[PDB]
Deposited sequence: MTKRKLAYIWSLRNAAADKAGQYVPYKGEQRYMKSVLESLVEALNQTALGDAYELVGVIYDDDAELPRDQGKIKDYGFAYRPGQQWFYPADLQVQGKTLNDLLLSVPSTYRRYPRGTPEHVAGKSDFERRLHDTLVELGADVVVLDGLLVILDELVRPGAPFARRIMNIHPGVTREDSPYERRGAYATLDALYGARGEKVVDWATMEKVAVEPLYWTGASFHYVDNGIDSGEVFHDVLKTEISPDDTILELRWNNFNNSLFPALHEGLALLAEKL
């Protein structure tokens, strides 16, 4: 079992409506999280034979009022009979899933961006990331929506540099026709379907473009080079953003992460 560690910013999961039902196609669909899908994968398939999920790290901090607002619907820990990112009772490999939550808070965000304290903290948070994976002996790490950008953890000769991966909601190949890199990838995919691309995001300035009707998800290295790729999400012009996210999560993302891990295991 290639020891697996998972990282995500809880605030990012709330935005995406993770663990919530969303109206889709005129009715509703449950917006399953990336972790829930992985938990199901580890439980019901041979992928489970290859890995043990060891820790589920999240970086949010309760002392950041913006971090608080962002998960108001969820809350930092599970409330009784209330909304949660997955069912509070979920089990992964005979381990209560909730029991694996870890916070390695990026508190450094309290200080202003670029300030010496902000930077000194960011390094220590990355330093704290490294340290506790090791506390978990993690053989492998997945990032799903972790908002901090790791520049130091993916250093030359650091113990997890090639063992650290991000699942991204779009293709990431340089010369790929459907490449949808960045934090705007889901929205770039929805607007590309309209044959329109956004020139300036603040004021929604746009431009005509050849329609693209497909998107996918990338399981790539973080230092990152693509290790496994899927592109199975047809995109429709009348599609909403909630529909596109779910479909890419269901058509291409869950598969890429699992196939990527499966392949990644004999390495």
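Mapping the modelled residues onto the deposited sequence reveals missing stretches at 1-2, 226-230, 275.
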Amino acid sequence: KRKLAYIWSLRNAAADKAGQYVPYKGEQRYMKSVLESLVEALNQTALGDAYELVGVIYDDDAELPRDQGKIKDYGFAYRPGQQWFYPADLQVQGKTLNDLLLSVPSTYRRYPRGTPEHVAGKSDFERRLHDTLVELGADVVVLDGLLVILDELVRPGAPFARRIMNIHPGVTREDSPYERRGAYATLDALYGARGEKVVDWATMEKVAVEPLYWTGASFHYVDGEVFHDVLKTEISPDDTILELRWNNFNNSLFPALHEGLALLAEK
From here on, numbers count along this sequence of modelled residues.
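Looking at 180-188 and 131-139 together, the entry lists the larger mean B-factor for 131-139, computed on C-alpha atoms.
Stretches 107-115 and 93-101 differ in mean C-alpha B factor, with the higher average recorded for 93-101.
When the C-alpha B factors of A120, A88, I71, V148 are read from the deposited coordinates, the top value falls at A88. For the set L35, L231, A202, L42, the maximum C-alpha B-factor listed in the entry falls on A202. Per the deposited record, the Cα B-factor of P159 falls in the middle third when ranked against the other modelled residues of its chain. Split the chain's modelled residues into thirds by C-alpha temperature factor. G55 is in the middle one.
Split the chain's modelled residues into thirds by C-alpha temperature factor. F227 is in the lowest one.
For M31, the recorded CA B-factor ranks within the middle third of the chain. Only modelled residues enter the ranking.
In the PDB entry, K206 places in the highest third of its chain by CA B-factor.
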